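Below: one structure, written as C-alpha cells.
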Number of protein chains: 4
Amino acid sequence: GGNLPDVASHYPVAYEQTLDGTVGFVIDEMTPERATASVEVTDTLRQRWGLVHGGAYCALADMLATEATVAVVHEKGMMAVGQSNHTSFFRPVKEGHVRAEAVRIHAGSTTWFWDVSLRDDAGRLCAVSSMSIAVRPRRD
Amino acid sequence: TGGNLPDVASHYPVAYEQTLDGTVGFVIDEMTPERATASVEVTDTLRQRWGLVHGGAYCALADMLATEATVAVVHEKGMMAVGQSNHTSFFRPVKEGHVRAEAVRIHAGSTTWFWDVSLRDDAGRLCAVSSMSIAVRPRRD
Amino acid sequence: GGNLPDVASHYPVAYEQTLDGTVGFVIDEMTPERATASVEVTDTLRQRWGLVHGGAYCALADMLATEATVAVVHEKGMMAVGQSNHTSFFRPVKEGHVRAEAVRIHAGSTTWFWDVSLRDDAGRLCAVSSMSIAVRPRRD
Amino acid sequence: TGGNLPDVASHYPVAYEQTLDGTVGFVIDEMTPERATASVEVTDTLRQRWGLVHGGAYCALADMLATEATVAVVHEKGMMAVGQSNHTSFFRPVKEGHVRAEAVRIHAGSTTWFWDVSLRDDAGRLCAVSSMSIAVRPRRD
Ligand SMILES: CC(C)(COP(=O)(O)OP(=O)(O)OC[C@H]1O[C@@H](n2cnc3c(N)ncnc32)[C@H](O)[C@@H]1OP(=O)(O)O)[C@@H](O)C(=O)NCCC(=O)NCCSCC(=O)c1ccc(O)cc1
Ligand SMILES: CC(C)(COP(=O)(O)OP(=O)(O)OC[C@H]1O[C@@H](n2cnc3c(N)ncnc32)[C@H](O)[C@@H]1OP(=O)(O)O)[C@@H](O)C(=O)NCCC(=O)NCCSCC(=O)c1ccc(O)cc1
Ligand SMILES: CC(C)(COP(=O)(O)OP(=O)(O)OC[C@H]1O[C@@H](n2cnc3c(N)ncnc32)[C@H](O)[C@@H]1OP(=O)(O)O)[C@@H](O)C(=O)NCCC(=O)NCCSCC(=O)c1ccc(O)cc1
Ligand SMILES: CC(C)(COP(=O)(O)OP(=O)(O)OC[C@H]1O[C@@H](n2cnc3c(N)ncnc32)[C@H](O)[C@@H]1OP(=O)(O)O)[C@@H](O)C(=O)NCCC(=O)NCCSCC(=O)c1ccc(O)cc1
C-alpha cells in the first residue's frame, strides 16, 4: 500500500488518494536505520518546464524519513511528523526515476534525523534532503 | 496561463493541468518582483495517509512560487531560474481548508535570489515557513 | 554581562571567557518576541581572508535566539538550547559592526523559531539565520 | 600556515593567530579534494555561559573546513570560494575534550560545492552535523 509500514488498522486517507499515491511513491526497503523508496517520473511529478518538481524530491524525503520513524515508534505509543526538511538540488531530473535512500544519523528521544539521497537512473546524486522528525506521545 | 503562472514564453514543455502544480491545484494570486502569493485548496491529493497536508505540499508550493516569481523578472533578461535550496520548517499541521503562501524577496543577487515563504491556514495561523534560494543562470536554451 | 538575560545566580562560564565575550557580542534589546544584539568587527571576528567569519554570524544568531528564549522560559523551569541553525550569506562584511535582529515567528511547547537578520553599518542585509530552539524541562 | 590551512597564497590579510580560527584554536589535520578533517580543544573560549560548546563553534569549524577544503582546489584555478549557506543541526552537547570535524564532499558543481560535515566528541559520538554549500566564483582580486 505504497508498501508503507503497516502499523494501524485504519488510516484517514487511502494510499491511492494521498499525494504519495497520486505521484506514485513506493517504499522498497525499511529497517530502523535505513530505508529506500522510488518513483517513476511522469508529468504528475514534473513542473511546467519539464523537470521533476522541487516539491517531489522534498515530498519523497519527507514520507520516507517520517514513515521509517513511524515504523519503529508507533508501537511504542508515539507519533512522528516531519519538523524540518532541508533539500538542496544539485542536478535536474527530466525523466526515468528518482530513487531515495534514507540513512538514520541520530535517534533521540524527541527528534530523529535522517539524511536522504535522491538519485537518477544513472545513479547520480541529484538532490539531498536533511529530514528532522519530531517524535511525541500519541494524542488520545 | 494555467494556475496563473507568469506568461514569459510562447510554449511550455508541460501543460499546467498535467504538472504536479496542476494536479494538486496550486494557484498564484499576486505577483510582483518583490512579493508573490498563491494558494491551494486542501483535498486528499494534498494530504498524506494520516490525514494532514503532506510536508511535500508545503515545499512544493514554496518552490513553485519563489522560482516562478524569479522567472517572472529574469526570463526576459535571458536568464533561467531554478530552485537550488529549500528549507521548510513545520510548526502546525493543516487538516483542511486552504494553504496560503506569501513569498517575500529578501535578497536578489546576480547568481542567487532568496525568498522567505510563509504558509498560513484559513485562520491566518503560521503553519510552515520555507526559505527558498533560487539560482539564476544564463539560459542555455 | 554582555547584557545577557540575568536569570540565575551562577553561570558555569563568565562572559569575558565565553566565545561570546571573546568576540564581543552585546545584547541591546530583549522582549519575548524580539531581540537585538551587535558586535564590533575586529580580527577576532574575521577569517584569514579579512572578511567576518561565517561562524561569527551563526554564533551571533544562536546566542541571541537562544538567550531570548531563556529569558522567558527559564523562570518556568525549562531549559532552552539551539537545535538547528540555518544561516545563508548574501554579502560579506569586512569591517565596522554586525547588527542582529531576532524576530520570534513561532513559540511552541517544545520548539521556538526565530528569524535573525544580520546587517552591516550601512544597514544592508548581509546574512540571515533561521534558529530553531528546543525547549525542555530543566534537569535537576 | 597557522592551523595548517591550505597554503595557496604568498600572503594573507589576517594572520592565523589573530583570526577567529586562531583564537579558538582550530587545526586542520587531513586535507584532500574529497575529504578534510580538523579538530579543536574545548576551552572556555569555545563555550557559552551555560558551560557547553557554543553552537557557533560547530558552525565556524564546519565553515572554515568546507570553505578551505574548496579553496585548496580552486584557488590555483583562478577562483575564490566563500560559504553561501551553513545548516547545522545539534544532536548532543559537548562539555569538554575536543570537537572533531570530518567534511566529505558530496557535490562539486561549477558554481557550488557541497560538503557534509560531521562533528564528533572524544567518545566518537555524533554531536552535530553541518551541511555547507560553498559558492565558487572567479577571483576579482
Ligand atoms: C536539542 C536536544 C535538547 C533535543 O534532544 P533529542 O534530539 O530528543 O536528544 P535526547 O533528548 O535523546 O538527548 C540527547 C542529549 O541531549 C541532552 N539533553 C536532552 N534533553 C535534555 C534536557 N532536558 N536537559 C539537559 N540535557 C538534555 C543530553 O545531553 C542528552 O543526552 P543523554 O544524557 O540524555 O544521553 C538535544 O539534541 C541537544 O541537547 N542537542 C544539543 C544542543 C546544543 O548543544 N546546542 C548548542 C548549545 S546551546 C545554543 C548556543 O549556542 C548558545 C550560545 C550562547 C548562549 O549564551 C546561549 C546559547
Ligand atoms: C556567495 C556570493 C558570492 C554569491 O553572490 P550573489 O548572491 O549572487 O550576490 P552577488 O554575486 O550579486 O554579489 C553580492 C556581493 O558578494 C560579493 N561577491 C560576489 N561575487 C564576488 C567575487 N567574485 N569576488 C569577490 N566578491 C564577490 C561582493 O561583495 C558582492 O557585492 P558587490 O561588490 O558585487 O556589490 C555572495 O552572496 C557572498 O559573497 N556572500 C557572502 C559570503 C561570506 O561572506 N561568507 C562568510 C565568509 S567565507 C566562509 C568562512 O567563514 C571561512 C572561514 C575561515 C576560512 O579560513 C575560510 C572561510
Ligand atoms: C513538530 C511539532 C509536533 C512540534 O511541536 P511544537 O513546535 O512544540 O508545537 P506544539 O507542540 O506547541 O503544538 C503545535 C501543534 O502541533 C500539533 N501537535 C503537537 N504535538 C502533538 C502531539 N503530541 N500529537 C498531535 N499533535 C501534536 C498540534 O496541532 C499542536 O497544536 P495544539 O492543538 O497543541 O494547539 C508541531 O510543530 C507540528 O505538529 N508541526 C507540524 C508537522 C507537520 O505537519 N508536518 C508535515 C506532516 S508529517 C510529514 C509528512 O510529510 C509525511 C508524508 C507522508 C507520510 O506517509 C507520513 C508523513
Ligand atoms: C542550481 C544549479 C543550476 C547550480 O549549478 P551547480 O551546482 O554549479 O552545478 P553545475 O552548474 O555544475 O551543473 C549541474 C547541472 O545543472 C544544470 N545546469 C547548470 N547550469 C545550467 C544552465 N545554465 N541551464 C540549464 N541547466 C543548467 C545542468 O543539468 C548541469 O549539468 P551539465 O549538463 O552541466 O552536466 C544546478 O545545481 C541545478 O540545476 N540544480 C537542480 C535545480 C532543480 O532541478 N531544482 C528543481 C526544479 S526548479 C524549481 C521548481 O521546483 C519549480 C516548480 C514549479 C515551477 O513552475 C517552477 C519551478
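How things are named: the first chain in the C-alpha cells is A, the next is B, and so on; residues count from 1 in each chain; ligands count from 1 in the order shown.
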Counting only C-alpha atoms and all ligand atoms, which protein, DNA or RNA residues come within 7 Å of ligand 3, given as a PyMOL selection string? (chain A and resi 20+59+62-63+66-67+79+81-83+134+136-139) or (chain B and resi 48-50+52-56+90-94) or (chain C and resi 107-112)
Writing out the chosen residues with C-alpha atoms as a CSV table (one decimal), in the first residue's frame:
chain,number,residue,atom,x,y,z
A,20,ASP,CA,2.0,9.9,-2.2
A,59,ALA,CA,7.9,15.0,-0.6
A,62,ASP,CA,9.6,13.6,4.0
A,63,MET,CA,7.4,10.5,3.5
A,66,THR,CA,8.9,10.1,8.6
A,67,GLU,CA,7.4,6.7,7.9
A,79,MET,CA,3.6,9.8,16.8
A,81,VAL,CA,5.9,14.0,12.0
A,82,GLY,CA,8.3,16.0,9.8
A,83,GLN,CA,9.6,19.0,11.8
A,134,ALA,CA,9.7,15.1,15.8
A,136,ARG,CA,5.9,12.8,20.6
A,137,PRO,CA,3.4,10.9,22.7
A,138,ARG,CA,0.4,9.9,20.6
A,139,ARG,CA,-2.7,12.0,21.5
B,48,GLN,CA,-0.6,12.0,3.5
B,49,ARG,CA,-2.2,8.9,4.9
B,50,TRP,CA,-2.6,10.3,8.5
B,52,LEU,CA,-2.6,16.0,7.3
B,53,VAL,CA,-1.4,18.2,4.5
B,54,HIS,CA,1.8,16.4,3.2
B,55,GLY,CA,5.2,18.1,4.2
B,56,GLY,CA,5.9,17.9,0.5
B,90,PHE,CA,6.8,22.8,10.1
B,91,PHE,CA,5.1,24.5,13.1
B,92,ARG,CA,1.5,23.3,12.9
B,93,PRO,CA,-0.4,20.7,10.8
B,94,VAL,CA,-3.2,21.7,8.3
C,107,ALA,CA,6.6,29.7,20.0
C,108,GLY,CA,5.5,26.1,20.6
C,109,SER,CA,5.6,24.0,23.7
C,110,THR,CA,8.8,22.2,22.6
C,111,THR,CA,10.2,24.4,19.9
C,112,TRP,CA,10.6,28.2,19.4
At a cut-off of 6 Å around ligand 4, and using only C-alpha atoms and all ligand atoms, what residues come up? Please write them as a list in words. residues 47, 48, 51, 53, 54, 55, 89, 90, 91 and 92 of chain A; 63, 64, 67, 68, 82, 83, 84, 135, 137, 138, 139 and 140 of chain B; 109, 110, 111 and 112 of chain D
DSSP on the backbone: which residues in segment 14-117 of chain D end up as strand (DSSP E)? Give the answer as a VMD selection string. chain D and resid 27 to 31 35 to 41 79 to 90 98 to 108 112 to 117
Using only C-alpha atoms and all ligand atoms, the residue out of D:133, D:45, D:70, D:85 with shortest distance to ligand 1 is D:45
Judged by only C-alpha atoms, the minimum distance to chain C among D:106, D:123, D:101, D:71 is found for D:71
Neighbours of chain D in chain A at 12 Å, counting only C-alpha atoms, as a PyMOL selection string: chain A and resi 84-91+104-115+117+124-132
Please, which residues of chain A, numbered as in this document, come out helix (DSSP H, G or I) from DSSP, as a PyMOL selection string? chain A and resi 15-17+19-23+43-45+54-76
Those residues with C-alpha atoms, as a tab-separated table (two decimals), in the first residue's frame please?
chain	number	residue	atom	x	y	z
A	15	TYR	CA	-2.79	5.38	-0.45
A	16	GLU	CA	-4.10	5.92	-3.95
A	17	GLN	CA	-5.81	9.17	-2.88
A	19	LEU	CA	-0.28	12.94	-2.60
A	20	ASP	CA	2.02	9.87	-2.25
A	21	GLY	CA	-0.23	7.51	-4.22
A	22	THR	CA	-1.07	10.21	-6.75
A	23	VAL	CA	2.57	10.70	-7.77
A	43	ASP	CA	4.21	14.58	-15.84
A	44	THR	CA	2.47	14.47	-12.43
A	45	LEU	CA	5.95	14.66	-10.83
A	54	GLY	CA	11.49	20.54	-6.35
A	55	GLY	CA	8.47	19.60	-4.27
A	56	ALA	CA	8.69	15.98	-5.44
A	57	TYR	CA	12.22	15.43	-4.01
A	58	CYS	CA	11.08	17.04	-0.72
A	59	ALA	CA	7.87	15.01	-0.57
A	60	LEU	CA	9.75	11.78	-1.18
A	61	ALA	CA	12.28	12.53	1.51
A	62	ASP	CA	9.59	13.59	3.97
A	63	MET	CA	7.40	10.48	3.53
A	64	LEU	CA	10.38	8.06	3.61
A	65	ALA	CA	12.05	9.61	6.67
A	66	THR	CA	8.86	10.09	8.63
A	67	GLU	CA	7.36	6.66	7.86
A	68	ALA	CA	10.71	4.98	8.62
A	69	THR	CA	10.35	6.63	12.05
A	70	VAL	CA	6.69	5.63	12.42
A	71	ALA	CA	7.74	2.06	11.67
A	72	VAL	CA	9.66	1.96	14.98
A	73	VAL	CA	7.93	4.35	17.32
A	74	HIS	CA	4.27	3.75	16.51
A	75	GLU	CA	4.10	0.53	18.53
A	76	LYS	CA	5.59	2.49	21.42
Please provide the set of residues having any atom within 8 Å of residue 3 of chain C, restricted to only C-alpha atoms, with same-chain residues fewer than 5 positions apart removed, written as a PyMOL selection string. chain C and resi 26-28
Selection near residue 130 of chain D, 9 Å with only C-alpha atoms, sequence-local residues under 3 positions removed, as a VMD selection string: chain D and resid 58 to 59 62 to 63 86 to 90 103 115 to 119
Writing out the chosen residues with N, CA and C atoms as a PDB file, in the first residue's frame:
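Written out: out-v8.pdb:
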ATOM      1  N   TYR D  58      30.606  25.070  16.386  1.00  0.00           N
ATOM      2  CA  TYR D  58      30.364  23.992  15.434  1.00  0.00           C
ATOM      3  C   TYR D  58      30.169  24.606  14.048  1.00  0.00           C
ATOM      4  N   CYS D  59      29.322  25.633  13.888  1.00  0.00           N
ATOM      5  CA  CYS D  59      29.222  26.244  12.563  1.00  0.00           C
ATOM      6  C   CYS D  59      30.573  26.718  12.034  1.00  0.00           C
ATOM      7  N   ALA D  62      32.939  23.861  10.821  1.00  0.00           N
ATOM      8  CA  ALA D  62      32.417  23.375   9.562  1.00  0.00           C
ATOM      9  C   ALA D  62      32.658  24.332   8.404  1.00  0.00           C
ATOM     10  N   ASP D  63      32.281  25.604   8.589  1.00  0.00           N
ATOM     11  CA  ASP D  63      32.524  26.582   7.566  1.00  0.00           C
ATOM     12  C   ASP D  63      33.970  26.763   7.115  1.00  0.00           C
ATOM     13  N   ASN D  86      25.067  27.572   5.506  1.00  0.00           N
ATOM     14  CA  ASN D  86      25.514  26.649   6.540  1.00  0.00           C
ATOM     15  C   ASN D  86      24.261  26.258   7.332  1.00  0.00           C
ATOM     16  N   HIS D  87      23.984  24.965   7.332  1.00  0.00           N
ATOM     17  CA  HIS D  87      22.853  24.427   8.085  1.00  0.00           C
ATOM     18  C   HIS D  87      23.357  23.410   9.057  1.00  0.00           C
ATOM     19  N   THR D  88      23.368  23.786  10.336  1.00  0.00           N
ATOM     20  CA  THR D  88      23.922  22.922  11.368  1.00  0.00           C
ATOM     21  C   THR D  88      22.783  22.435  12.253  1.00  0.00           C
ATOM     22  N   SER D  89      22.756  21.139  12.509  1.00  0.00           N
ATOM     23  CA  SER D  89      21.798  20.650  13.483  1.00  0.00           C
ATOM     24  C   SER D  89      22.502  20.028  14.669  1.00  0.00           C
ATOM     25  N   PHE D  90      21.920  20.238  15.848  1.00  0.00           N
ATOM     26  CA  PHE D  90      22.638  19.950  17.091  1.00  0.00           C
ATOM     27  C   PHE D  90      21.992  18.770  17.837  1.00  0.00           C
ATOM     28  N   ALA D 103      34.723  16.583   7.043  1.00  0.00           N
ATOM     29  CA  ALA D 103      33.994  17.120   5.901  1.00  0.00           C
ATOM     30  C   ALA D 103      34.150  16.184   4.701  1.00  0.00           C
ATOM     31  N   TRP D 115      29.372  20.195   1.045  1.00  0.00           N
ATOM     32  CA  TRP D 115      30.150  19.301   1.916  1.00  0.00           C
ATOM     33  C   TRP D 115      29.256  18.931   3.104  1.00  0.00           C
ATOM     34  N   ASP D 116      29.297  17.669   3.504  1.00  0.00           N
ATOM     35  CA  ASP D 116      28.647  17.255   4.746  1.00  0.00           C
ATOM     36  C   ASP D 116      29.707  17.163   5.820  1.00  0.00           C
ATOM     37  N   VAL D 117      29.489  17.881   6.910  1.00  0.00           N
ATOM     38  CA  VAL D 117      30.465  17.893   7.978  1.00  0.00           C
ATOM     39  C   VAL D 117      29.856  17.296   9.239  1.00  0.00           C
ATOM     40  N   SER D 118      30.466  16.223   9.737  1.00  0.00           N
ATOM     41  CA  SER D 118      30.070  15.595  10.999  1.00  0.00           C
ATOM     42  C   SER D 118      31.008  16.098  12.106  1.00  0.00           C
ATOM     43  N   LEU D 119      30.475  16.324  13.297  1.00  0.00           N
ATOM     44  CA  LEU D 119      31.253  16.924  14.419  1.00  0.00           C
ATOM     45  C   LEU D 119      31.062  15.978  15.598  1.00  0.00           C
TER      46      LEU D 119
END
Counting only C-alpha atoms, what is within 8 Å of residue 97 of chain D, bar same-chain residues fewer than 6 positions away, as a VMD selection string? chain D and resid 41 to 42 121 to 122
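You can rank D:43, D:132, D:26, D:32 by their closest distance to chain B using only C-alpha atoms, and at the top of that list sits D:132.
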Quick one: everything within 6 Å of residue 99 of chain B, counting only C-alpha atoms, minus sequence neighbours fewer than 3 positions away in the same chain. Send it as a list in words.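 Selected residues are residues 39, 40, 120 and 121 of chain B.
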Using only C-alpha atoms, which residues sit within 8 Å of residue 120 of chain A once same-chain residues fewer than 5 positions away are excluded, as a list in words?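 Counting only the stated atoms, we get residues 93, 96, 97, 98, 99, 125 and 126 of chain A.
Using only C-alpha atoms and all ligand atoms, the nearest neighbour of ligand 1 within the list D:46, D:24, D:8, D:31 is D:46.
Between ligand 2 and the candidates B:134, B:20, B:34, B:14, the tightest atom-to-atom separation, counting only C-alpha atoms and all ligand atoms, involves B:134.
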Atom pair atom CA of residue 6 of chain D / atom CA of residue 100 of chain D: separation (Å):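 If I compute the distance from atom CA of residue 6 of chain D to atom CA of residue 100 of chain D, I get 18.2 Å.
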So how many Å separate atom CA of residue 61 of chain B and atom CA of residue 17 of chain B, to one decimal?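 Atom-to-atom, atom CA of residue 61 of chain B to atom CA of residue 17 of chain B, that is 15.3 Å.
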Mind giving me the straight-line distance from atom 36 (C, counted along the ligand's line) of ligand 1 to atom CA of residue 33 of chain A in Å, one decimal? 19.0 Å
